[PDB]
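Asks: Sequence first, structure after; it's an experimental one.
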Amino acid sequence: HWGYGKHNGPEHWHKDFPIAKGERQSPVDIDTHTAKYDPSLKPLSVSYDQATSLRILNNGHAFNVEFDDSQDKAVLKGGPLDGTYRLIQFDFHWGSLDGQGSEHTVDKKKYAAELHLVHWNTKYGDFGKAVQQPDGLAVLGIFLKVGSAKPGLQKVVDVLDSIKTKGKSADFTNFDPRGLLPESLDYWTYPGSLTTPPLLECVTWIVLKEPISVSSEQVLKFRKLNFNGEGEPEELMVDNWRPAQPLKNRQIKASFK
Ligand SMILES: [Zn+2]
C-alpha cells in the first residue's frame with residue numbers, strides 16, 4: 001500500500017491513483033512574485049469557538065485529529081469560498097530534519113512542517129459526498145518553523161506516546177484548534193487536491209503566509225512516531241510530505257497587498 005518510501009512513495013502513486021498526474025494536483029510551489037493580489041476577496045472567517053474533537057489516530061502515514069462534524073460548529077467561510085465549510089480533521093506533514101517537511105513551498109523554501117485543517121462544503125451534506133465535487137473541500141494550510149514553542153500544540157505532542165504505531169488510536173476531546181493559528185490570516189489561494197491518495201481534485205487551498213513557530217522538542221516528538229505497526233521492524237514516521245507538483249493552468253491569488 002502507498003507510503004512515503006522508495007518503493008511506495010509519491011513517485012509511485014500515479015499507478016494506483018492516476019489523477020496523481022492530473023491538472024489540479026497539490027501541493028505546489030507558491031511563487032510570491034507571480035501571485036496576484038485579489039481585491040475581490042471577501043474577508044476570511046475562521047470560527048472555531050465550538051469545535052469538538054473526538055479522537056486522534058495514527059494511520060500509518062501521519063496522525064489525524066478527527067472532529068465531531070454532526071452540528072454546525074467549527075466553520076470556515078469568506079475569502080475565496082462560496083458558502084460554509086465545516087471542520088472535520090487536522091493533520092500534519094513533517095520532515096526528518098528541520099530543513100524540510102512542508103508540502104507547499106514558498107519561493108522554493110521548505111518549512112519544517114505543515115498543518116492542514118480540512119473542511120467540507122456543507123452544500124454536499126457530508127465529507128464523502130463533498131469529495132465527489134470540484135468545490136467540495138477547503139483546506140487551511142499553515143506552515144511550521146522551528147523556534148519558540150507553540151503552547152497550544154503541546155496537548156497533541158503529549159498524546160503521541162500513546163499512538164506510536166500504525167492502527168493505534170486514542171480518545172482526544174476538548175482540543176481547541178484556535179491555539180494552532182498565527183496572528184495574521186493573510187493567505188494565498190488556488191484550486192488543488194488532497195495531498196494523499198486518493199489525491200482527489202476537490203480542494204480550495206488557503207495557505208497562510210505567516211508560519212507558526214514550534215519548538216525543536218515539539219517536532220522531535222512528531223519524529224518518534226512510527227509508520228509500521230506494532231511488532232514489525234521500526235521505521236520512524238518522518239518525511240511524510242508530497243513534493244510540489246506542476247502548477248499547469250492555475251493562478252495563485254493573494255489576499256494581501
Ligand atoms: Zn495533510
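Replies: Sure thing, it's come through. Numbers count the residues shown, from 1 in each chain.

Asks: switch to C-alpha atoms for all contacts and neighbour counts from now on
Replies: Noted.

Asks: what does stretch 152-171 contact?
Replies: Residues from elsewhere that reach stretch 152-171 (C-alpha atoms under 8 Å, 6 or more residues apart in numbering): 54-61, 175-177, 179-180, 214, 218, 221-222, 224-230.

Asks: Please list only the buried members of these.
Replies: 54-61, 175-177, 180, 214, 218, 222, 224-229 (16 or more other C-alpha atoms under 10 Å).

Asks: Look up which helix or strand residue 132 falls in, please.
Replies: Counting by DSSP states H and E, no helix or strand carries residue 132.

Asks: for the one 10 residues further on, same thing?
Replies: Assigned by DSSP H and E, residue 142 falls within strand 137-146.

Asks: Next, residue 21: phi, psi?
Replies: For residue 21, the backbone dihedrals (degrees, to the nearest 10) come out as phi -110, psi 30.

Asks: you'd agree it is up against residue 14?
Replies: Yes: at 6.5 Å, residue 21 and residue 14 qualify as touching, with contact defined as C-alpha atoms under 8 Å.

Asks: And the strands in the stretch 1-150 of the chain, which stretches?
Replies: 29-30, 36-37, 44-47, 53-58, 63-67, 75-78, 85-94, 105-106, 113-121, 137-146 (DSSP state E, counting those that start in this stretch).

Asks: can I get those strands in a markdown table with distance to residue 190?
Replies: Shown next, in a markdown table, are the strands of the stretch 1-150 of the chain (distance: least, C-alpha to C-alpha, whole Å):
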| stretch | distance to residue 190 |
| --- | --- |
| strand 29-30 | 10 |
| strand 36-37 | 11 |
| strand 44-47 | 14 |
| strand 53-58 | 28 |
| strand 63-67 | 24 |
| strand 75-78 | 14 |
| strand 85-94 | 16 |
| strand 105-106 | 14 |
| strand 113-121 | 15 |
| strand 137-146 | 10 |
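
Asks: Of all the ones you listed, which one is nearest residue 207?
Replies: Each of the strands of the stretch 1-150 of the chain has some distance to residue 207 by C-alpha to C-alpha; the shortest is strand 137-146, at 4.5 Å.

Asks: Using CSV, write out every CA atom in the following helix or strand past the closest one.
Replies: Next along the chain after strand 137-146, taking DSSP H and E as the criterion, comes helix 154-159. Output in CSV follows, covering the C-alpha atoms of helix 154-159 (Å, rounded to 0.1, in the frame of the first residue of the first chain):
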residue,chain,number,x,y,z
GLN,A,154,1.6,20.7,23.5
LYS,A,155,-1.7,18.7,24.1
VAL,A,156,-1.1,17.0,20.7
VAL,A,157,2.6,16.4,21.3
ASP,A,158,1.9,14.8,24.7
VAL,A,159,-0.7,12.3,23.4
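
Asks: Thanks again, I'm all set now.
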